[PDB]
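File shown here: query12.cif, holding mmCIF, C-alpha atoms; chains and numbers go by the auth columns.
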```
data_my_file
#
loop_
_atom_site.group_PDB
_atom_site.id
_atom_site.type_symbol
_atom_site.label_atom_id
_atom_site.label_comp_id
_atom_site.label_asym_id
_atom_site.label_seq_id
_atom_site.Cartn_x
_atom_site.Cartn_y
_atom_site.Cartn_z
_atom_site.B_iso_or_equiv
_atom_site.auth_seq_id
_atom_site.auth_asym_id
ATOM 1 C CA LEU A 1 -13.403 -17.899 26.877 0.00 1 A
ATOM 2 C CA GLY A 2 -12.788 -19.451 23.465 0.00 2 A
ATOM 3 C CA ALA A 3 -10.637 -16.980 21.541 0.00 3 A
ATOM 4 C CA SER A 4 -7.590 -18.801 20.188 0.00 4 A
ATOM 5 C CA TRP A 5 -5.345 -21.011 22.311 0.00 5 A
ATOM 6 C CA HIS A 6 -2.312 -23.075 21.303 0.00 6 A
ATOM 7 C CA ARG A 7 0.200 -21.126 19.222 0.00 7 A
ATOM 8 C CA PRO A 8 3.975 -21.853 19.521 0.00 8 A
ATOM 9 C CA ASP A 9 5.717 -18.921 17.812 0.00 9 A
ATOM 10 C CA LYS A 10 3.787 -19.476 14.584 0.00 10 A
ATOM 11 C CA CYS A 11 4.689 -22.497 12.454 0.00 11 A
ATOM 12 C CA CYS A 12 2.988 -22.410 9.057 0.00 12 A
ATOM 13 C CA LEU A 13 2.545 -26.005 7.909 0.00 13 A
ATOM 14 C CA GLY A 14 0.361 -24.721 5.079 0.00 14 A
ATOM 15 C CA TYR A 15 1.691 -22.711 2.143 0.00 15 A
ATOM 16 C CA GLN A 16 0.363 -20.645 -0.754 0.00 16 A
ATOM 17 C CA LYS A 17 -0.585 -22.191 -4.090 0.00 17 A
ATOM 18 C CA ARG A 18 -0.379 -19.097 -6.292 0.00 18 A
ATOM 19 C CA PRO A 19 2.524 -16.804 -7.419 0.00 19 A
ATOM 20 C CA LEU A 20 2.281 -13.114 -6.510 0.00 20 A
ATOM 21 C CA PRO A 21 4.181 -10.174 -8.124 0.00 21 A
ATOM 22 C CA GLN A 22 6.872 -8.257 -6.241 0.00 22 A
ATOM 23 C CA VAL A 23 5.313 -5.060 -7.661 0.00 23 A
ATOM 24 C CA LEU A 24 3.430 -4.796 -4.344 0.00 24 A
ATOM 25 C CA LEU A 25 5.534 -7.006 -2.040 0.00 25 A
ATOM 26 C CA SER A 26 8.056 -5.717 0.504 0.00 26 A
ATOM 27 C CA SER A 27 10.069 -8.442 2.231 0.00 27 A
ATOM 28 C CA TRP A 28 9.933 -11.882 3.852 0.00 28 A
ATOM 29 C CA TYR A 29 10.713 -13.177 7.339 0.00 29 A
ATOM 30 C CA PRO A 30 11.805 -16.769 8.251 0.00 30 A
ATOM 31 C CA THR A 31 9.922 -19.092 10.595 0.00 31 A
ATOM 32 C CA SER A 32 11.175 -20.595 13.853 0.00 32 A
ATOM 33 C CA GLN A 33 13.142 -23.815 14.304 0.00 33 A
ATOM 34 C CA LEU A 34 10.426 -25.367 16.471 0.00 34 A
ATOM 35 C CA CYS A 35 7.965 -26.380 13.756 0.00 35 A
ATOM 36 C CA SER A 36 7.332 -29.616 11.864 0.00 36 A
ATOM 37 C CA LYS A 37 7.827 -28.087 8.426 0.00 37 A
ATOM 38 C CA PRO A 38 8.521 -24.310 8.757 0.00 38 A
ATOM 39 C CA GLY A 39 9.095 -22.275 5.599 0.00 39 A
ATOM 40 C CA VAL A 40 8.805 -18.497 5.275 0.00 40 A
ATOM 41 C CA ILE A 41 6.010 -15.947 5.515 0.00 41 A
ATOM 42 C CA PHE A 42 5.983 -12.937 3.196 0.00 42 A
ATOM 43 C CA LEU A 43 4.718 -9.460 4.037 0.00 43 A
ATOM 44 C CA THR A 44 3.332 -7.244 1.284 0.00 44 A
ATOM 45 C CA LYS A 45 3.398 -3.458 1.584 0.00 45 A
ATOM 46 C CA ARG A 46 -0.291 -3.095 2.409 0.00 46 A
ATOM 47 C CA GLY A 47 -1.667 -6.488 1.324 0.00 47 A
ATOM 48 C CA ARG A 48 -1.252 -9.427 3.691 0.00 48 A
ATOM 49 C CA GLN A 49 1.086 -12.218 4.777 0.00 49 A
ATOM 50 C CA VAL A 50 1.731 -15.433 2.847 0.00 50 A
ATOM 51 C CA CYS A 51 3.255 -18.750 3.887 0.00 51 A
ATOM 52 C CA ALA A 52 5.623 -19.792 1.107 0.00 52 A
ATOM 53 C CA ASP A 53 8.407 -22.355 0.899 0.00 53 A
ATOM 54 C CA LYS A 54 11.639 -21.247 -0.776 0.00 54 A
ATOM 55 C CA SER A 55 11.538 -24.624 -2.547 0.00 55 A
ATOM 56 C CA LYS A 56 8.876 -23.080 -4.793 0.00 56 A
ATOM 57 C CA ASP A 57 9.769 -21.132 -7.935 0.00 57 A
ATOM 58 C CA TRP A 58 8.135 -17.716 -7.613 0.00 58 A
ATOM 59 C CA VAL A 59 9.097 -17.693 -3.938 0.00 59 A
ATOM 60 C CA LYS A 60 12.724 -18.359 -4.849 0.00 60 A
ATOM 61 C CA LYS A 61 12.874 -15.319 -7.126 0.00 61 A
ATOM 62 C CA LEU A 62 11.346 -13.135 -4.417 0.00 62 A
ATOM 63 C CA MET A 63 13.881 -14.438 -1.904 0.00 63 A
ATOM 64 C CA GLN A 64 16.597 -13.031 -4.157 0.00 64 A
ATOM 65 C CA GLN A 65 14.585 -9.969 -5.179 0.00 65 A
ATOM 66 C CA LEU A 66 13.864 -9.002 -1.575 0.00 66 A
ATOM 67 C CA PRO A 67 16.385 -8.784 1.322 0.00 67 A
ATOM 68 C CA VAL A 68 14.625 -9.851 4.552 0.00 68 A
ATOM 69 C CA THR A 69 12.582 -8.523 7.482 0.00 69 A
ATOM 70 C CA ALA A 70 13.290 -9.500 11.084 0.00 70 A
ATOM 71 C CA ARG A 71 13.793 -7.410 14.216 0.00 71 A
#
```
For this file, write the structure as structure tokens.
Amino acid sequence: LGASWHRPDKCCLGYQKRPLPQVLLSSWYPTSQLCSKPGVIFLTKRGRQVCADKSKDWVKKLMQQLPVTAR
């Protein structure tokens, strides 16, 4: 059975390379502390998720524009 093995929490080494508008975004949740280079994954209203590092520019604005999502 080859579905998808190996997956500790999440860890998103890769990030996005394009700025999205908050007009359709919702919030953002932080990664775990067990990854090589963990940043933050966003979660649009009905779109999809996006691995983005706060170090970016457009991601920084969103971080302040949106509160957070974690439960």
Item to complete: Give me the residues within 8 Å of range 61-64 of chain A as a VMD selection string, counting only C-alpha atoms and dropping any in the same chain fewer than 4 places off.
Response: chain A and resid 22 28 54 57 68
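Evaluated against the shown file, the PyMOL selection byres ((chain A and resi 38) around 12) gives residues 8, 9, 10, 11, 12, 13, 14, 15, 29, 30, 31, 32, 33, 34, 35, 36, 37, 39, 40, 41, 51, 52, 53, 54 and 55 of chain A.
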Item to complete: May I have the residues at most 12 Å from (0.1, -15.7, -4.8) in the file's coordinates, counting all atoms listed in the file, as a PyMOL selection string?
Response: chain A and resi 15-22+24-25+41-44+47-52+56-59+62
Please return the centre and edge lengths, in Å to one decimal, of a box with edges along x, y and z that contains all listed atoms of range 6-9 of chain A, widened by 8 Å on every side, as lines of an AutoDock Vina configuration file.
```
center_x = 1.7
center_y = -21.0
center_z = 19.6
size_x = 24.0
size_y = 20.2
size_z = 19.5
```
Missing atoms in range 28-58 of chain A: can you complete it with N, CA and C atoms, as a PDB file, keeping the file's coordinate frame?
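As written to disk, out33.pdb reads:
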```pdb
ATOM      1  N   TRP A  28      10.353 -10.581   3.334  1.00  0.00           N
ATOM      2  CA  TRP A  28       9.933 -11.882   3.852  1.00  0.00           C
ATOM      3  C   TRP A  28      10.727 -12.230   5.105  1.00  0.00           C
ATOM      4  N   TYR A  29      10.042 -12.796   6.097  1.00  0.00           N
ATOM      5  CA  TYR A  29      10.713 -13.177   7.339  1.00  0.00           C
ATOM      6  C   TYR A  29      10.682 -14.706   7.513  1.00  0.00           C
ATOM      7  N   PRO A  30      11.751 -15.309   8.064  1.00  0.00           N
ATOM      8  CA  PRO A  30      11.805 -16.769   8.251  1.00  0.00           C
ATOM      9  C   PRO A  30      11.052 -17.241   9.493  1.00  0.00           C
ATOM     10  N   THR A  31      10.652 -18.508   9.473  1.00  0.00           N
ATOM     11  CA  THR A  31       9.922 -19.092  10.595  1.00  0.00           C
ATOM     12  C   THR A  31      10.892 -19.513  11.696  1.00  0.00           C
ATOM     13  N   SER A  32      10.350 -20.138  12.737  1.00  0.00           N
ATOM     14  CA  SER A  32      11.175 -20.595  13.853  1.00  0.00           C
ATOM     15  C   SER A  32      11.672 -22.015  13.599  1.00  0.00           C
ATOM     16  N   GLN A  33      12.588 -22.471  14.447  1.00  0.00           N
ATOM     17  CA  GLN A  33      13.142 -23.815  14.304  1.00  0.00           C
ATOM     18  C   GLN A  33      12.450 -24.789  15.258  1.00  0.00           C
ATOM     19  N   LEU A  34      11.187 -24.507  15.570  1.00  0.00           N
ATOM     20  CA  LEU A  34      10.426 -25.367  16.471  1.00  0.00           C
ATOM     21  C   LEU A  34       9.117 -25.797  15.816  1.00  0.00           C
ATOM     22  N   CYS A  35       9.158 -25.970  14.497  1.00  0.00           N
ATOM     23  CA  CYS A  35       7.965 -26.380  13.756  1.00  0.00           C
ATOM     24  C   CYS A  35       8.248 -27.662  12.978  1.00  0.00           C
ATOM     25  N   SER A  36       7.184 -28.373  12.616  1.00  0.00           N
ATOM     26  CA  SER A  36       7.332 -29.616  11.864  1.00  0.00           C
ATOM     27  C   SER A  36       7.967 -29.337  10.506  1.00  0.00           C
ATOM     28  N   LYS A  37       7.327 -28.458   9.748  1.00  0.00           N
ATOM     29  CA  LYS A  37       7.827 -28.087   8.426  1.00  0.00           C
ATOM     30  C   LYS A  37       7.698 -26.572   8.226  1.00  0.00           C
ATOM     31  N   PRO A  38       8.570 -25.778   8.871  1.00  0.00           N
ATOM     32  CA  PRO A  38       8.521 -24.310   8.757  1.00  0.00           C
ATOM     33  C   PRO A  38       9.216 -23.783   7.502  1.00  0.00           C
ATOM     34  N   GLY A  39       8.539 -22.871   6.810  1.00  0.00           N
ATOM     35  CA  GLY A  39       9.095 -22.275   5.599  1.00  0.00           C
ATOM     36  C   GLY A  39       9.379 -20.795   5.823  1.00  0.00           C
ATOM     37  N   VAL A  40       8.627 -19.942   5.131  1.00  0.00           N
ATOM     38  CA  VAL A  40       8.805 -18.497   5.275  1.00  0.00           C
ATOM     39  C   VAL A  40       7.509 -17.766   4.945  1.00  0.00           C
ATOM     40  N   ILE A  41       7.213 -16.739   5.732  1.00  0.00           N
ATOM     41  CA  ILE A  41       6.010 -15.947   5.515  1.00  0.00           C
ATOM     42  C   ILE A  41       6.392 -14.585   4.932  1.00  0.00           C
ATOM     43  N   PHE A  42       5.718 -14.216   3.847  1.00  0.00           N
ATOM     44  CA  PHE A  42       5.983 -12.937   3.196  1.00  0.00           C
ATOM     45  C   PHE A  42       5.127 -11.843   3.822  1.00  0.00           C
ATOM     46  N   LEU A  43       5.461 -10.597   3.504  1.00  0.00           N
ATOM     47  CA  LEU A  43       4.718  -9.460   4.037  1.00  0.00           C
ATOM     48  C   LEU A  43       4.641  -8.349   2.998  1.00  0.00           C
ATOM     49  N   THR A  44       3.511  -8.272   2.301  1.00  0.00           N
ATOM     50  CA  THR A  44       3.332  -7.244   1.284  1.00  0.00           C
ATOM     51  C   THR A  44       3.367  -5.860   1.923  1.00  0.00           C
ATOM     52  N   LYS A  45       3.370  -4.829   1.084  1.00  0.00           N
ATOM     53  CA  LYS A  45       3.398  -3.458   1.584  1.00  0.00           C
ATOM     54  C   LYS A  45       2.139  -3.168   2.394  1.00  0.00           C
ATOM     55  N   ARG A  46       0.990  -3.339   1.749  1.00  0.00           N
ATOM     56  CA  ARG A  46      -0.291  -3.095   2.409  1.00  0.00           C
ATOM     57  C   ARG A  46      -1.258  -4.272   2.229  1.00  0.00           C
ATOM     58  N   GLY A  47      -0.810  -5.330   1.550  1.00  0.00           N
ATOM     59  CA  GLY A  47      -1.667  -6.488   1.324  1.00  0.00           C
ATOM     60  C   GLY A  47      -1.793  -7.332   2.586  1.00  0.00           C
ATOM     61  N   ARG A  48      -1.196  -8.518   2.546  1.00  0.00           N
ATOM     62  CA  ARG A  48      -1.252  -9.427   3.691  1.00  0.00           C
ATOM     63  C   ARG A  48      -0.023 -10.334   3.717  1.00  0.00           C
ATOM     64  N   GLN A  49      -0.022 -11.278   4.656  1.00  0.00           N
ATOM     65  CA  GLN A  49       1.086 -12.218   4.777  1.00  0.00           C
ATOM     66  C   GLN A  49       0.824 -13.449   3.915  1.00  0.00           C
ATOM     67  N   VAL A  50       1.873 -14.231   3.671  1.00  0.00           N
ATOM     68  CA  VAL A  50       1.731 -15.433   2.847  1.00  0.00           C
ATOM     69  C   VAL A  50       2.799 -16.466   3.203  1.00  0.00           C
ATOM     70  N   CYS A  51       2.342 -17.661   3.562  1.00  0.00           N
ATOM     71  CA  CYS A  51       3.255 -18.750   3.887  1.00  0.00           C
ATOM     72  C   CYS A  51       3.759 -19.375   2.593  1.00  0.00           C
ATOM     73  N   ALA A  52       5.057 -19.237   2.332  1.00  0.00           N
ATOM     74  CA  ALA A  52       5.623 -19.792   1.107  1.00  0.00           C
ATOM     75  C   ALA A  52       6.960 -20.468   1.381  1.00  0.00           C
ATOM     76  N   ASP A  53       7.163 -21.613   0.739  1.00  0.00           N
ATOM     77  CA  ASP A  53       8.407 -22.355   0.899  1.00  0.00           C
ATOM     78  C   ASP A  53       9.383 -21.960  -0.202  1.00  0.00           C
ATOM     79  N   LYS A  54      10.615 -21.650   0.191  1.00  0.00           N
ATOM     80  CA  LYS A  54      11.639 -21.247  -0.776  1.00  0.00           C
ATOM     81  C   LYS A  54      11.804 -22.299  -1.877  1.00  0.00           C
ATOM     82  N   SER A  55      11.431 -23.542  -1.569  1.00  0.00           N
ATOM     83  CA  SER A  55      11.538 -24.624  -2.547  1.00  0.00           C
ATOM     84  C   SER A  55      10.749 -24.290  -3.815  1.00  0.00           C
ATOM     85  N   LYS A  56       9.705 -23.476  -3.656  1.00  0.00           N
ATOM     86  CA  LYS A  56       8.876 -23.080  -4.793  1.00  0.00           C
ATOM     87  C   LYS A  56       9.720 -22.347  -5.834  1.00  0.00           C
ATOM     88  N   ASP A  57       9.062 -21.846  -6.875  1.00  0.00           N
ATOM     89  CA  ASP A  57       9.769 -21.132  -7.935  1.00  0.00           C
ATOM     90  C   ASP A  57       9.627 -19.623  -7.762  1.00  0.00           C
ATOM     91  N   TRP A  58       8.384 -19.149  -7.758  1.00  0.00           N
ATOM     92  CA  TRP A  58       8.135 -17.716  -7.613  1.00  0.00           C
ATOM     93  C   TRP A  58       8.634 -17.205  -6.265  1.00  0.00           C
TER      94      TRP A  58
END
```
